[PDB]
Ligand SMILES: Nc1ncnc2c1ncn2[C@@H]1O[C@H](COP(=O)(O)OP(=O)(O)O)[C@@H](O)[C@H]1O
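Okay, so here's just one chain, in structure tokens, the form solved without adenosine-5'-diphosphate (ADP).
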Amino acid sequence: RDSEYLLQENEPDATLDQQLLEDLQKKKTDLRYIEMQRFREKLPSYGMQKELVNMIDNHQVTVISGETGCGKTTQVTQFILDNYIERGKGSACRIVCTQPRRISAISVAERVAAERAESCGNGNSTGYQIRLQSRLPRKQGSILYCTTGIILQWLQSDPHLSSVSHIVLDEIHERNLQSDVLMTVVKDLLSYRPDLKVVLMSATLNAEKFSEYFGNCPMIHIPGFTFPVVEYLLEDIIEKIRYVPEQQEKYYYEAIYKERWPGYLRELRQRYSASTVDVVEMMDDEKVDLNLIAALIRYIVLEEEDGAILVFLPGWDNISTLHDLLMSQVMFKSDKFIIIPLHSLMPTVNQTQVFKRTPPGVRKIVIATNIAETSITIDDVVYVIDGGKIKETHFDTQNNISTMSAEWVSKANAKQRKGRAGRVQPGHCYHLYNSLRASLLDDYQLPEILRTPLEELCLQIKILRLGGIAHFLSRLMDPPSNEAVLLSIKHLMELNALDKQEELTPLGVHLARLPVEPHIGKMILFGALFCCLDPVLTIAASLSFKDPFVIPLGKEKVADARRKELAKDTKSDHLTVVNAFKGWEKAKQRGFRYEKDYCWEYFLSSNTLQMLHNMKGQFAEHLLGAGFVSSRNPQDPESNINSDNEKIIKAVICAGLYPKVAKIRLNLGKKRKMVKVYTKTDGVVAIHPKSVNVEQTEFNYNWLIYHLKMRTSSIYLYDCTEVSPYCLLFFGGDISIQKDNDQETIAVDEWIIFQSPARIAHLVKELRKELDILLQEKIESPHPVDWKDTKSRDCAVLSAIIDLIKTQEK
């Protein structure tokens, strides 16, 4: 599907070499092309054109460093292609350039195409490829921008990337998980592709680290900026706009801050007004001051010249909050402003705004996360407001709990955010951290591979059939600890994504093709297999990032009553989210006023709900690319035949949430205040309000599945549903028969004991085996399970599993 460009053959043609040379000379007489060349000559990269081309041509691996917007992303590919065209060998060029995000690959390809007076794709010189969407350029003498995830998928079809002549790894300083994997794969590939050219592009600082990693390959630095960008710190912002508000290693950095705090304020009084110093003193460092950002936006639009504004906020909750804060003011209601949120989980079509140039006198305001730190140009942006924070994952190998929080930005993220301005004219960057904070920021973020769960890392290593997982880890630039990888290996075995021999099962292959964590991937996969797609995607969307319920400090009683109403008799916090989501979808189409009244009455965040709606569409796209559904619509009827069956849904939840399994403790007393639990694997002992099942003294089964755990030593259960004992039997771990004696019992993972006929254990072993055969046949050419067949081997297997799950027995 996405391998169309890769699977082509690199076959240079002398006739096309002559056509490209003549076309280039014709371009040099075209007005629109000349004006683009005028802009290109202003870029710092243009002065280095001969040095860059000569160095890439003389060395297999090259490290190029330069400031943000120096021109690396849009120019280096063109310098390679145009040099080949001018030498009469343009058709020998098949250049692939990676971007960290899909919006970058699209916008950079459109910009390069425009710089060449061409449309993007359509068999022209430049195009892009992302998941399930492409504008492909011609076969030979072409440039293809894509995401690093696209190249990783390509390595499954051709581990040598045989038809690619140049591969340009951009933003390598952004040490994301996929980029570190790809970079290690490229390093191993060099000896197998002596004809391949590799270009590494990187921000000035620490660029030597990547040279050293690739055998001390030569480096070349592009100096300078195209335009100046003035930097303002928090004290400068408050002074300029006269703002008046309302009045382990990180632990020691805070002590340094607290120790230097009084002396910093003293020196701050010699340079700034006493009013602004008092405001800095009362600024809170735990959250971004969105009211300050709103006041700064007002000042820019009312006092500064035309130019778009780009705001960097940690996450979606801040973006929607600021968006509503602006839209509640009369000034921003008019069409003289266009306020555009930007989030990676938004649909691609919503993201493709922000690029259309604003007409004179109209102010564009983009509210983004760190997705906009990369080339999402545009750029008619003149003003950058850096909230000073970034959403980071932090994984504690103990308790196996990952925490997402708004951390202080690194100096690299700040420089990337400042660089978004000054791409076409002088700009301004406003940082919402004070000068003392700036001195205590890190140079770079910790690489993501050192601070996240590594289940996707191991699936990725395994699916590409490169080497053993131990040898590949040792080849990474920054290898993670062995204990973190074993925990991921252990988790993948409990999900049955790996077998006992640490080898991929058929399920693990499909999970490795889904770009989400395997627990979520297994849930949406079985939501597609069991034809209960829509409610499962809603549940999967709420397990990451969060549930839509917002319970103020005093409203627990009333909110619980509203939640038990939405729970009906499901005894399931996850189906409560389904019912809340469904009620919101109805109230949303009945006018914006009904939507607000519905969310207020049931203690719901309409902003979180909209995010859940966006993520459901992204999950369906993932299943489409993996061949498990026939369309991108989560409510497609062909994937929702069983969406009204609570038993099948609860089984799919269990398929995703195992081994997070909890046993209910029954108290002999009739009046049981709350429910006693124990999980033996965490080990939780209590269930936390506002859980629907807090006061439930009438459970149908003695087993619960859960997801969220709290980092505090006290072990709570945030959400849970009662699960059938046969769901744990089928979707669980190892099965065993035990004698009482004179009474046969079944065990799942030793600790889950049941009073069932012993032959059920043999049945589950056979149904698990049939399920593997079903998934194995899906590996070659994946197709959805055609449920209308009924008299099919795949439908009989899934029906037998569903029939076993649909069993009421305890």
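Rigid core (definition): largest C-alpha set, two forms, superposition within 1.5 Å. Numbering starts at 1 and follows the sequence shown.
The form solved in complex with adenosine-5'-diphosphate (ADP) exists for this protein as well; it is not shown, and the discussion that follows is about that form.
In summary, the binding site of this form is blocked: after superposition of the surrounding C-alphas, adenosine-5'-diphosphate (ADP) from its pose in the deposited bound form has 3 or more atoms within 2.4 Å of backbone or C-beta atoms.
Of the listed positions (341, 625, 71, 314), a single one reaches within 4.5 angstroms of adenosine-5'-diphosphate (ADP) by any non-hydrogen atom in the deposited bound form, namely 71. For the residues 485, 169, 424, 164, the 4.5 Å heavy atom test against adenosine-5'-diphosphate (ADP) in the deposited bound form is passed only by 424.
Annotation: in the deposited bound form, residues 538, 576 and 647 none come within 4.5 Å of adenosine-5'-diphosphate (ADP) through any heavy atom. The stretch from 107-115, 676-684, 439-447, 506-514 that comes within 4.5 Å of adenosine-5'-diphosphate (ADP) in the deposited bound form, counting heavy atoms only, is 107-115.
Contact check for residue 379: a non-hydrogen atom falls within 4.5 Å of adenosine-5'-diphosphate (ADP) in the deposited bound form. In the deposited bound form, adenosine-5'-diphosphate (ADP) sits within 4.5 Å of a heavy atom belonging to residue 43. Of the heavy atoms in residue 179, none are within 4.5 Å of adenosine-5'-diphosphate (ADP) in the deposited bound form.
Looking at residue 375, you'd find a heavy atom of it within 4.5 angstroms of adenosine-5'-diphosphate (ADP) in the deposited bound form. Only one entry in 193, 138, 394, 555 has its C-alpha moved by 2 angstroms or more between the shown form and the other one when the rigid core is superposed, and that entry is 555.
Core-aligned CA deviation for residue 205 between the shown form and the other one: 2 Å or greater. Once both forms are fitted on their core, a CA shift of 2 Å or more is seen for residue 594 between the shown form and the other one.
Once both forms are fitted on their rigid core, the CA atom of residue 711 lies 2 Å or more apart between the shown form and the other one.
The pair residue 394 and residue 684 is at least 3 angstroms farther apart at the CA level in the deposited bound form than in the present model. Relative to the shown form, the CA atoms of residue 205 and residue 151 are brought 3 Å or more closer together in the deposited bound form.
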